[PDB]
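Participant: model the structure of this input:
(2 chains, ligands or ions: 8)
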Amino acid sequence: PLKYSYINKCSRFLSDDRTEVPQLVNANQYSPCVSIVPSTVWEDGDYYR
Amino acid sequence: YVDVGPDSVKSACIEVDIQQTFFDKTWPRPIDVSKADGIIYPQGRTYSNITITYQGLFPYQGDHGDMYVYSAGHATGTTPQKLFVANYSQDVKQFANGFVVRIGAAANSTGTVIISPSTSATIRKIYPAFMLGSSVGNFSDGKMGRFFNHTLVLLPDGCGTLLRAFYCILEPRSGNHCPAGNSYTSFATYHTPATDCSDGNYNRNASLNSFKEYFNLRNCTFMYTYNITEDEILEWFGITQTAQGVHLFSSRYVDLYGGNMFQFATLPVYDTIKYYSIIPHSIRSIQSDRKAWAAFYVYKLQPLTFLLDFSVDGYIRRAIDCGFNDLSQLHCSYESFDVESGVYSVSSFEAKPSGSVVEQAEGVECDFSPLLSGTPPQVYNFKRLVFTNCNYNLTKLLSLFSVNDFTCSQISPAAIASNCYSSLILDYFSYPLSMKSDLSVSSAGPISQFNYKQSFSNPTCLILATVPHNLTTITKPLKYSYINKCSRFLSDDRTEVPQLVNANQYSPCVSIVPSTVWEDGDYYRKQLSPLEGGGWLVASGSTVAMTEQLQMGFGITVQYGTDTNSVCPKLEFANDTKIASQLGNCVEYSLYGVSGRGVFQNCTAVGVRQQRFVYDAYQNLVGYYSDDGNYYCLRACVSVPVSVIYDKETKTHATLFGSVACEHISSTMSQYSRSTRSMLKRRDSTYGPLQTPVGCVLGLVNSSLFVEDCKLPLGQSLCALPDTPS
Ligand SMILES: *[C@@H]1O[C@H](CO)[C@@H](O[C@@H]2O[C@H](CO)[C@@H](O)[C@H](O)[C@H]2NC(C)=O)[C@H](O)[C@H]1NC(C)=O
Ligand SMILES: *[C@@H]1O[C@H](CO)[C@@H](O[C@@H]2O[C@H](CO)[C@@H](O)[C@H](O)[C@H]2NC(C)=O)[C@H](O)[C@H]1NC(C)=O
Ligand SMILES: *[C@@H]1O[C@H](CO)[C@@H](O[C@@H]2O[C@H](CO)[C@@H](O)[C@H](O)[C@H]2NC(C)=O)[C@H](O)[C@H]1NC(C)=O
Ligand SMILES: *[C@@H]1O[C@H](CO)[C@@H](O)[C@H](O)[C@H]1NC(C)=O
Ligand SMILES: *[C@@H]1O[C@H](CO)[C@@H](O)[C@H](O)[C@H]1NC(C)=O
Ligand SMILES: *[C@@H]1O[C@H](CO)[C@@H](O)[C@H](O)[C@H]1NC(C)=O
Ligand SMILES: *[C@@H]1O[C@H](CO)[C@@H](O)[C@H](O)[C@H]1NC(C)=O
Ligand SMILES: *[C@@H]1O[C@H](CO)[C@@H](O)[C@H](O)[C@H]1NC(C)=O
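Facilitator: Numbering: from 1, shown residues only, chains lettered A, B, ... in the order given. Ligands and ions are numbered 1, 2, ... in the order given. And now the structure:
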């Protein structure tokens, strides 16, 4: 790999802009956040929405 | 990737006319669980004629299902015309641990054409097509049900003797009446019997090719096909998903007559299915040659348990949904299809919960009142109020001024009012509207340069507003003023260094400038001490004439706590139901973090007053002192015991609700203890509840007979006679 990478956060913001919902990965399932994250993380601490 | 073969050449498609009102029919098909309808055979094991309980995914016994009907497209004369179809393409459904379907149940019977139902054509079995996947969304025309990434496709091809499965990315087509086109209506597929399904040459690719006309296949990663032969007999099919991937089940491979499902096939795809839909299809047959099609049904799987009556030949012949009604529960408790007659206990009604009641301290108030009196400061002299741990309504605060500028950075102006923060800070000053072009955190104006600045480390806002004629305690400066210069001369008396104002801070030059600037262009200087490195402070200012109503500006900043966000826009039931109390039923509650569900009632006052929570020796809350100064008592809530009378000889039943009495009894129940009460209704649809000394009953009948032993006594002098023998 160009760099080894991982997702160190996965949550969804609540529509009211005051709270946030965490999303731990389910056993034997891809995290939902994979739909936005790039095939590699371009820089450490990158975040996406 | 998979060798699917070439994309069809035309980008063009047949237009799809939606005729969905023609498909409204009422032909429900509830599951006959006693016939083992829809039962999936257990995995990897078989049994003797012994009855066993079992747990697995199954349909509810009472579900009538979802019904769909395929039909011929429009045709006239001797040729095909634009399609007439059901709007089923819009039926996005949430996937829910699989489903099963019923196919061909209407075989060897007649019905109507539906799209042209006056023909009353006989009906024949047709195989359904489906799409499954992890996401759905709008078509470029805003149409429902477009799918993303890769999806499952199940399509029969040509005649039902061939079946294919796919995992690919669909690609839209820009041709007329196709998905990237703006002439698109709805996706559909079709079969053309004129050449399709020739007796010596069935068209194995027929359905797929008509599918290709609306979507180009892309990146197919899986394809499968299956060998099927014609048989008008009813068949069962279904889908489940596991960490081992998707599995397919059918009754056709093993049990053509009993209908038990078996796992016919499995699929490598383990990608989670989040959505489900039926793919529409139509027949291109000649108008006089149109044929009506058999009804088609769908049912949903659930994590239920059942009695299973295995036959000695290992087929399941009968089953009991344990949760369907009280009697079914009784059968499950004895693992049998024949419980001995008696009176039996059944689970109690859990009652019903009402809307919540909560009491918590209130009256926070954010001390914002200083803004309403005296003369506001010149913009370089702005006054600040810091607020933490407190309750506010900034939209109420801002209704005290007419706002001529409501803007913010890194927060919408509406959101900062509704957002909770660890702190709320407000700056205020007089400010003429004539200077409004110069008030931004990004402004080129002298106000941002020397008078007021806000940090970009926090969301901030700027407000311009003016004073109402009814705020008479507010007064105004002789002239509006600002500093238009602030620099220090370097000690060599030639070099000079500008001093732009620091974010969230007064300019250093405020120390030399007067509380207002007496005239436009006034300037001042101060010698600086050797500790300062020498030099001179220099500053100047400018003014704007006073106005009939005071004009003002404000600054707002906030800090969001990670978990310290104690400042919030709490309201004391403004725009709300006022749920501080109910008297009463059984609605959950919270009292200063104490919580439970129960009924409150107004009662006397026990001591010690102001200890708030009265408790018994078992720590049940007994009652509570409200902040309205009244004691209320709490009885939590109560439930209704139930029992049933079972007459095994006649296989009939009746029920008793015990001590609850018939004043709380109704033909249906809102509480509820089980998924249905309809078994009682089988005869009790025609009768009112009867009160007895023990309690209210259903379907008891008042015979006023005297009998020694009824073999079903209810206790007391009550007795329960069986219907007379055949
Ligand atoms: C299968 O269940 C049947 C239930 O009928 C059992 O057959 C009964 O056996 C008892 C005593 O062995 C007889 O009194 C009944 O008359 C039988 N029933 C019938 C309908 O004849 C049987 O034992 C079970 N096992 C097998 C292998 O058949
Ligand atoms: C209508 O559908 C099929 C087709 O005729 C019938 O299924 C047959 O049932 C008999 C019963 O023993 C089987 O032996 C045949 O193999 C079945 N298939 C055929 C003839 O293709 C079904 O029973 C019919 N429905 C009725 C008569 O109500
Ligand atoms: C079972 O499936 C196989 C292939 O999976 C079938 O074999 C081919 O089927 C096509 C059907 O369009 C025919 O055109 C070919 O001539 C068949 N080839 C061979 C070598 O048989 C097969 O016909 C299916 N049915 C049975 C009963 O085996
Ligand atoms: C078409 O689908 C809609 C779903 O919104 C449904 O209301 C309507 O009854 C359908 N037409 C039928 C089933 O004939
Ligand atoms: C899956 O679909 C989403 C929908 O927006 C898209 O953004 C994403 O690129 C797709 N992923 C693929 C094709 O791998
Ligand atoms: C999907 O299809 C595109 C066609 O443009 C191809 O380039 C790509 O390699 C395919 N496979 C993926 C994204 O895994
Ligand atoms: C609630 O209790 C108090 C004290 O017992 C008494 O005024 C009355 O019963 C209730 N108050 C009402 C209904 O205003
Ligand atoms: C049942 O019959 C008895 C006969 O003595 C009568 O007194 C009683 O009121 C009846 N009750 C109901 C609920 O019909």
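Participant: once you drop chain neighbours, what's closest to the residue lying farthest from the centre of chain A?
Facilitator: Distance from the C-alpha centroid of chain A, by Cα atoms, centre = their mean, peaks at residue A:16 (20.2 Å). What sits nearest to residue A:16 in space, not counting adjacent residues and going by Cβ to Cβ, 6 or more residues apart in numbering or on different chains, is residue B:418, at 7.5 Å. (Each C-beta comes from the backbone N, C-alpha and C, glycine too.)
Participant: quick one, what contacts the most centrally placed residue in chain A?
Facilitator: Nearest to the geometric centre of chain A sits residue A:10, at 3.8 Å (Cα atoms, centre = their mean). Going by Cβ atoms under 8 Å, 6 or more residues apart in numbering or on different chains, residue A:10 touches A:22, A:23, A:24, A:25, A:31, A:32, A:33.
Participant: tell me how far the first one lies from ligand 8.
Facilitator: Looking back up the chat, that one is residue A:22. Between residue A:22 and ligand 8 the distance, using Cβ to the nearest ligand atom, to the nearest Å, works out to 59 Å.
Participant: residue A:22 contacts residue A:11, doesn't it?
Facilitator: Yes - the pair residue A:22 and residue A:11 qualifies as a contact (Cβ atoms under 8 Å) at a distance of 4.7 Å.
Participant: now do the strands in chain A.
Facilitator: Taking DSSP state E, the strands of chain A run over residues A:11-13, A:20-22.
Participant: export the contacts of residue A:10 to a markdown table and tack on neighbour count?
Facilitator: Converted to a markdown table, the contacts of residue A:10 look like this (neighbours: other Cβ atoms under 10 Å in any protein chain shown):
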| residue | neighbour count |
| --- | --- |
| A:22 | 8 |
| A:23 | 13 |
| A:24 | 8 |
| A:25 | 13 |
| A:31 | 13 |
| A:32 | 16 |
| A:33 | 16 |
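Participant: tabulate these (CSV), appending distance to ligand 4.
Facilitator: Converted to CSV, those look like this (distance: Cβ to the nearest ligand atom, whole Å):
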residue, distance to ligand 4
A:22, 34
A:23, 31
A:24, 35
A:25, 34
A:31, 32
A:32, 27
A:33, 31
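Participant: out of these, which are inside helices?
Facilitator: Among these, no member is found in helices (DSSP state H).
Participant: just curious, which of these is nearest to ligand 2?
Facilitator: residue A:32 (46.3 Å; Cβ to the nearest ligand atom).
Participant: need the residues of chain A near ligand 4, please.
Facilitator: Contacts of chain A with ligand 4, taken as Cβ under 6 Å from any ligand atom, are absent.
Participant: and the residue of chain A closest to ligand 4?
Facilitator: Residue of chain A nearest ligand 4, by Cβ to the nearest ligand atom: residue A:15 (25.2 Å).
Participant: tell me, how many residues neighbour that residue?
Facilitator: Residues near residue A:15, counting by other Cβ atoms under 10 Å in any protein chain shown, number 7.
Participant: what's the answer for residue A:5, then?
Facilitator: 15.
Participant: hang on, the earlier thing: now, of the strands of chain A, which is deepest in the fold?
Facilitator: The highest average neighbour count among the strands of chain A, using mean count of other Cβ atoms under 10 Å in any protein chain shown, belongs to strand A:11-13 at a mean of 12.
Participant: just checking, what packs against that one?
Facilitator: strand A:20-22 (3 or more Cβ pairs under 8 Å, 6 or more residues apart in numbering or on different chains; DSSP states H and E).
Participant: quick one: strands adjacent to the strand it packs on?
Facilitator: strand A:11-13 (antiparallel) (DSSP bridges).
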